[PDB]
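# experimental coordinates follow, after the sequence.
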2 protein chains.
Amino acid sequence: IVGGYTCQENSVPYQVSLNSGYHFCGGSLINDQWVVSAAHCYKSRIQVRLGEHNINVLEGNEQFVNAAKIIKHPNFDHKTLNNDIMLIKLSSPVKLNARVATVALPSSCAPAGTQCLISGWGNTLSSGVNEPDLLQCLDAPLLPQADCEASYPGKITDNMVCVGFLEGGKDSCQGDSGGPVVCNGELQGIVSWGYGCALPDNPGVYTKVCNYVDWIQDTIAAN
Amino acid sequence: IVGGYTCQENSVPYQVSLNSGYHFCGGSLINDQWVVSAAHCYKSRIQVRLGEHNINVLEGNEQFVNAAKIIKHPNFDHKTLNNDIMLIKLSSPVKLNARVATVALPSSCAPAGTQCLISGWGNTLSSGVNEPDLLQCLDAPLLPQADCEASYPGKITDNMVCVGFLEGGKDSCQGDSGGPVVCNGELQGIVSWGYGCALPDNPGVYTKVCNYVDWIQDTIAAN
Ligand SMILES: [Cu+2]
Ligand SMILES: [Cu+2]
């Protein structure tokens, strides 16, 4: 998160860290045994870390759990990052409590103008890399689809939505990938891509989760 | 390397990749059993990879060797990155040949105006991160110390030298760290830090190797 603020400790209780010896992506807990993330965060083995605030200090609320099935969407295409969404089933259900909780899936697609919360332990600079310890937060609105399209000519599918500020300064970045954008209580987007991080006229683009509620549900049911 | 060109295969034969399950820093081979890198690239276990061009494909000239002693300078200070230099002794001597060779240590400090070659598998973007497969190269001059000082007020010690372009566009970046700047045949600088990557008025700053020839030699002798 570039240009964001440090989240109050465990105020984003659905946020998870995907770790393979180091933090490389984020995700969201949608029920006690399943995480949703980006298909681009695929790796053969993943340890999911829940209840985190400081990614480098054990503060006493962490639950570390291995991923048992890691399921990318059938039609994920790495060249366009179209259908960038992946489901992770945990080896064991987690114990839900104040600091580790679920986020609801969307009842419908959110309109342009909605303020959303984006969080992650991703890069905090628009140039160079600085990885933060503490979870970062950003309040940002869903952009009009025609501004998304204007910023990325020919690259936006109906499964993508821009969230951010056309002025730049504030955006998600690498390492936030796979993490949540939640707009009053429901998961509406997954961190996916954008040109640079926090550049003017280059808002971040997100996987539009309302287009996948049926896929997510069938996949959970069948697994 | 931002704004650089892909080096001809094995044209930089002293360049090594420090790997701990992934590439995280560079270094230079200065004799058949020793590598010099940045103290900031310290890790408890390191595999040194020599003879590389494509960091992700085995092309047939690679030699992978573990580090036996990893020695940071006694006075390295992580807050200012002053004395950012580290020596690595390999478990076995490597076999030197056309594609794996040594770079000479400096006979003296190079003057402002010298063109140098910088190489690495570091980040190639001034905003966001993109890690390259193929080794990257950049021709860049040593800057006047007063321009270094003007760009980083109060942060430049006599053990640092700026190399780069005040206009921005071309610079080293994260992942190049610990790698070589060679100015007609001798190692004159080690990739260390800078604000951003390739920003105007923010040239890269390098560990000034001519200040450490005696330390490097005593340390090798004693180990
Ligand atoms: Cu990719
Ligand atoms: Cu550091």
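Cool, the structure landed. Numbering: from 1, shown residues only, chains lettered A, B, ... in the order given. Ligands and ions are numbered 1, 2, ... in the order given.
# what residues does the helix of greatest length in chain A touch?
Counting by DSSP state H, the longest helix found in chain A is helix A:213-221. Here helix A:213-221 makes contact (CB atoms under 8 Å, 6 or more residues apart in numbering or on different chains) with A:30-31, A:34, A:36, A:71, A:73, A:85, A:87, A:105-106. To be clear about C-beta, it is placed using only N, CA and C from the backbone, and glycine gets the same treatment.
# show me what counts as buried in that helix.
Of all the residues in helix A:213-221, those buried under the rule 16 or more other CB atoms under 10 Å in any protein chain shown are A:213, A:216, A:219-220.
# closest one of the residues you listed to chain B?
Closest approach to chain B among those (CB to the nearest CB): residue A:216, at 28.4 Å.
# residues in contact with the residue most central in space within chain A?
Residue closest to the average C-alpha location in chain A (CA atoms, centre = their mean): residue A:179, at 1.5 Å. Counting by CB under 8 Å, 6+ apart, residue A:179 touches A:15, A:25-28, A:37, A:118-120, A:122, A:172, A:190-191.
# once you drop chain neighbours, what's closest to it?
Spatial nearest neighbour of residue A:179, chain neighbours left out: residue A:26 (2.8 Å); criterion: CB to CB, 6 or more residues apart in numbering or on different chains.
# centre of the chain to the helix or strand where the one you found lies, how far?
In the assignment (DSSP states H and E), residue A:26 maps to strand A:23-31. Averaged C-alpha coordinates place strand A:23-31 at 7 Å from its chain's average position (CA atoms, centre = their mean, to the nearest Å).
# any idea how far residue A:111 is from residue B:55?
Going from residue A:111 to residue B:55 by CB to CB, to the nearest Å gives 45 Å.
# how about the helices in chain A?
Under DSSP H, chain A gives helices at A:145-151, A:213-221.
# tabulate those (TSV), appending distance to residue B:164.
Converted to TSV, these look like this (distance: least, CB to CB, whole Å):
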stretch	distance to residue B:164
helix A:145-151	30
helix A:213-221	48
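# partner strands of the strand holding residue A:26, with direction?
Here strand A:23-31 is paired, per DSSP bridges, with strand A:15-19 (antiparallel), strand A:34-37 (antiparallel).
# just put the ones you listed in CSV and tack on mean neighbour count and distance to residue B:198.
Converted to CSV, those look like this (neighbours: other CB atoms under 10 Å in any protein chain shown; distance: least, CB to CB, whole Å):
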stretch, mean neighbour count, distance to residue B:198
strand A:15-19, 25, 30
strand A:34-37, 26, 31
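# widest-spaced pair of the contacts of helix A:213-221?
Within the contacts of helix A:213-221, two members stand farthest from each other by CB to CB: A:71 and A:106, at 19.7 Å.
# send me stretch A:129-137 as CSV with only the CA atoms.
C-alpha atoms of stretch A:129-137 as CSV (Å, rounded to 0.1, in the frame of the first residue of the first chain):
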residue,chain,number,x,y,z
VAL,A,129,10.7,-1.2,-2.8
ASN,A,130,10.2,-1.0,0.9
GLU,A,131,8.3,-3.9,2.6
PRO,A,132,6.5,-2.9,5.7
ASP,A,133,6.1,-4.8,9.0
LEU,A,134,2.7,-3.5,10.0
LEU,A,135,-0.5,-4.0,8.0
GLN,A,136,-1.4,-1.0,5.9
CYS,A,137,-4.8,0.4,5.0
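# any idea how far residue A:187 lies from residue A:178?
Going from residue A:187 to residue A:178 by CB to CB gives 12 Å.
# then residue A:13?
For residue A:13, the distance to residue A:178 - CB to CB - is 17 Å.
# neighbour-wise, which of those two wins?
Remark: of residue A:13 and residue A:178, residue A:178 carries more neighbours, 31 against 18, as counted by other CB atoms under 10 Å in any protein chain shown.
# list the contacts of that one.
Applying CB under 8 Å, 6+ apart, we find residue A:178 in contact with A:18, A:25-27, A:37-38, A:40-41, A:86, A:190-191.
# pop the domain breakdown of chain A in here.
The record's domain parsing of chain A by curated CATH domains lists A:1-12+A:103-210, A:13-102+A:211-223.
# out of those, which one sits most buried?
Neighbour counts (mean count of other CB atoms under 10 Å in any protein chain shown) averaged over each of the domains of chain A peak at domain A:1-12+A:103-210, with a mean of 20.
# which residue ranges form the strands in chain A?
Applying DSSP state E to chain A gives strands spanning A:5-6, A:15-19, A:23-31, A:34-37, A:47-50, A:63-72, A:86-90, A:115-120, A:136-141, A:160-163, A:180-183, A:186-193, A:204-208.
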